[PDB]
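**Student:** Protein chains in written order, with the UniProt record's numbering: chain A, 215 to 467; chain B, 669 to 779. Where a beta carbon is used, it is the ideal one built from N, C-alpha and C, also for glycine.
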Amino acid sequence: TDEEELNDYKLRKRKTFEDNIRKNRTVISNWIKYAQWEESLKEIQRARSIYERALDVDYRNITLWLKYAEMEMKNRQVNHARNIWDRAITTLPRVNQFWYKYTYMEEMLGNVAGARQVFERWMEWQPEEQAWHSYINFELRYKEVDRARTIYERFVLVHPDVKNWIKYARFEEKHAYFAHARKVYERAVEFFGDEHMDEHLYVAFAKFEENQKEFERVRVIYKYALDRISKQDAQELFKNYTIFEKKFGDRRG
Amino acid sequence: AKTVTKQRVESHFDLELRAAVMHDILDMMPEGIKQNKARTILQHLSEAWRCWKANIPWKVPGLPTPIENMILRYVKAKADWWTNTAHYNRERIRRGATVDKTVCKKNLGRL
RNA sequence: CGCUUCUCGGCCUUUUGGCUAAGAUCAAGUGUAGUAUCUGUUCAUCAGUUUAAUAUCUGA
RNA sequence: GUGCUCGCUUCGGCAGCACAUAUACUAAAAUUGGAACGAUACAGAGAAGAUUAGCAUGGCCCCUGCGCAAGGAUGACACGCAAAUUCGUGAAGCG
RNA sequence: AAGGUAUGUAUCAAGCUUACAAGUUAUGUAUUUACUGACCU
Ligand SMILES: [Mg+2]
Ligand SMILES: [Mg+2]
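Below you can see the structure in the form of structure tokens.
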């Protein structure tokens, strides 16, 4: 009667969980514990059914989606996990975790233009900084001169952060990009803060042009100085500007 | 469906009042992860009403001012309903419109 | 190496749900002879008294 | 089948006219699933002491009732999920 | 008429249903609380 007691255990827990969901159809603890209880049976086509009718009652929670997808991804059913990630991200665009875990899943698989397509869809909704420079970090960790150039001019139109203006000045500090890196500095210098500078762009521009030679480095800190902020700088850096310009040149007597 | 006859008047006012304060706090709280520990604003509401009937002040410390003053406007609503029913069927059991015992023994307590 | 966010676990209010007029009311033991147990309470050297031995009195 | 017309020649034989398709087919069943009640034996009884009026909410639970009354033990059935606080792991990003 | 003699389970037929799909010991006391004797009209 081992079959009898086994099916008794299964039928009593199923009857318990079905009465628990039938009482409260809104708290979703019941569906996730019942569905992962059948996931503990390790061979199922019904825990899929439990989740896929558990989102009829509430599709707007992230927990059910990411738990059903990490269930389907925890097992070898990769096609189904991808096939529910795409409906998760088209149904709920603004939640970051679905995009992150679906990109991460395809990173652990091949780096196919599927993954880049997932990413550019994720770009298309105009997210925050956290996602965008994560995608440029993806393009750097596959060593893309071409594609990290491609996807990062569309960046700056939406985030004009000074922290991001100085890091569109990155082809200098990785490729040195001479003439068009100087054009990146032109793009840095003409935009917002024309007389007010946001007090930070030309610090890093002076750091690179001081890392460069005396090509045209005298101008921007001292002789393009019409654009001051009431003193041209705080007290914290102008003597540092002077000894910044002093001892890194031809040093003529 | 079933109407609200005179035996479930009082058991329907609470139902619709706590439905209204439920989907007022559901649409009033900002984007924090938990709403009310699944029920706790309602417990403060009923405690506020019990302290109203007993005239204890109910100064709960450390409560957010939008939820504490929505509890104040809902218990003033319920106290208006309660005392305006007390006036009404006290006058009815004065001139003798009703002989209901529940109403008489209840409006001695509500007065 | 450090910093912020996310997810899994080790976890420290969860009582049976809500509302009425706190929903409503209620709730008797003796006398006698003896013990046990808490709380309160306090604990300078002879001589004979006394005691199984010990511990009051008096003595300088 | 019928009735009518000699209508064509025997009352008889023939010709024409008028009339135009029923039935949950059964008296059965090899029949069929059988739930309610009653019996049998169990389980037994809302609200943090005891006796208790109730009125609700939920739906894959119904009964009585003409019910958009009301009553069926408040008709029954409704239970441990703590969350955020400490800490481990892992990820994403940055310096 | 209801409001009172509960309801909830487990086996056993007629009622009703189609007649079909079909191949730290200790004292003295104020002092409760427990306990004893088949104690007692
Ligand atoms: Mg009930
Ligand atoms: Mg009823």
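1. Kindly indicate which residue of A:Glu424, A:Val370, A:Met411, A:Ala418 has the alpha-carbon position closest to the one of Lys460 of chain A.
2. If the criterion is Cβ atoms closer than 8 Å, does the pair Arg763 of chain B and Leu779 of chain B meet it?
3. Anyone know if the C-beta pair for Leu269 of chain A and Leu280 of chain A falls short of 8 Å?
4. Would you call the CB atoms of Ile365 of chain A and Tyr349 of chain A closer than 8 Å?
5. Rounded to the nearest angstrom, what separates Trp251 of chain A and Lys674 of chain B at their Cα positions?
6. Taking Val332 of chain A as the reference, which of A:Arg267, A:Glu342, A:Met319 has the closest Cα?
7. Measuring CB to CB, does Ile380 of chain A end up less than 8 Å from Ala418 of chain A?
8. At which residues does the alpha helix (DSSP H) containing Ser254 of chain A begin and terminate?
9. Just curious, the alpha helix (DSSP H) that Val292 of chain A is in, first and last residue?
10. Pull up the distance between the alpha-carbon of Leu451 of chain A and that of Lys437 of chain A, whole angstroms please.
11. For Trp339 of chain A, which of helix, strand or coil comes out of DSSP?
12. In whole angstroms, give me the CA-to-CA distance for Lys773 of chain B and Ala745 of chain B.
**Tutor:** Taking the definition as stated:
1. Ranking A:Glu424, A:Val370, A:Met411, A:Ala418 by Cα distance to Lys460 of chain A puts A:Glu424 first.
2. No, the Cβ-Cβ distance between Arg763 of chain B and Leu779 of chain B is not below 8 Å.
3. Contact flag unset, no.
4. Yes. Within cutoff.
5. Straight across, the Cα-Cα distance linking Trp251 of chain A with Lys674 of chain B is about 48 Å.
6. It is A:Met319 whose Cα lies nearest to the Cα of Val332 of chain A.
7. Going by beta carbons, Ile380 of chain A and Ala418 of chain A fall inside the 8 Å limit.
8. Neither: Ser254 of chain A is in no alpha helix (DSSP H) and is coded neither H nor E.
9. Annotation for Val292 of chain A: the continuous alpha helix (DSSP H) segment containing it runs 292-305.
10. C-alpha separation (whole angstroms): 17 Å.
11. DSSP places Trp339 of chain A in coil when its eight states are reduced to three.
12. The alpha-carbon atoms of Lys773 of chain B and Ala745 of chain B are separated by roughly 24 Å.
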